[PDB]
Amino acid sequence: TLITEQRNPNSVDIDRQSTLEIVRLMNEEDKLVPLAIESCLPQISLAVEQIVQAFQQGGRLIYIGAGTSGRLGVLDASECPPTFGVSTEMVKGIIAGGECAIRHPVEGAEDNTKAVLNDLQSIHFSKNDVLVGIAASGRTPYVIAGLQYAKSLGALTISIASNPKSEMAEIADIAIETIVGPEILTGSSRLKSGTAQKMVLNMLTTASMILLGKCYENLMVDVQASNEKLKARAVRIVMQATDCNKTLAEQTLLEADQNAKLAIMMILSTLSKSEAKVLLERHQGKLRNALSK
């Protein structure tokens, strides 16, 4: 009786339509997703602010889910250290069934309310951490038990689901409800619900990191340059922020240990490396504040 499980009347003839019609239909349904997220903007906004607050108190952003949801959690978290320069501990994706569940099934993983207890305890989940439970259905027991444990510790709990008034929503402090409508292939939550979940998670990390100063203007100043594109982007970023040349950007970057934010601080302040480090620290890595003062 859940929306996620309903049949979609616009896809009833999909088994006899042309290739173009099927993809047109899917693309049409896809336009529903950003609209569905729009209803959720106030809750998402509140989520970010609370996450930022938790980050400032030493807590982490923890994602849990099974199957596609858990994989999306891992995907979003994976990108935080190279984009924002933070540790792997800061945003962690946990998936039902562990490491292999990223590619492979794990029978009963989504129904194992005992395992989520172990999974959260082995990372010492605490009152200061934030738990986001992700399940299109809103009733995945693994996620439910996870949320319950987090709530019992006094931790902030966020639920992301695609059915209204879910059990997950009831438990969680903040209920994000992405009502994307019945899927094109009945029950295929990986489609619109997966897309919505990616959009929401992308917001939770991007927005919170922007607010923690993990960027400057719209430049990725905390990027970890682990390849040719990224190494060239760091140089580019320093030039964009300072109007200096390529030679000076590379030189400073080298001196700043490939830290573009530090390099920018050094160039726009004429300060030495150690003093630029000192001023940045004193303003929590917020380059704008470190230069404003």
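Residue positions are given as counts along the sequence shown, with the first one as 1.
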For the higher mean C-alpha B factor in the entry, choose 65-73 or 243-251. 243-251
Comparing 56-64 with 40-48, the higher average Cα temperature factor in the PDB entry belongs to 56-64
Hey, out of 86, 120, 172, 210, whose CA B-factor is highest in the deposited coordinates? 120
Peak C-alpha temperature factor (PDB record), options 101, 204, 191, 80: 101
Going by what the PDB entry lists, where does residue 136 fall on CA B-factor within its chain: lowest, middle or highest third? lowest
Split into thirds by Cα B-factor across the chain's modelled residues, where does residue 153 land: lowest, middle or highest? highest
Based on the entry's values, in what third of the chain does the Cα temperature factor of residue 105 lie: lowest, middle or highest? highest
According to the PDB entry, is the CA B factor of residue 126 in the bottom, middle or top third of its chain, that is, lowest, middle or highest? highest
Residue 197: which third of its chain by C-alpha temperature factor? lowest
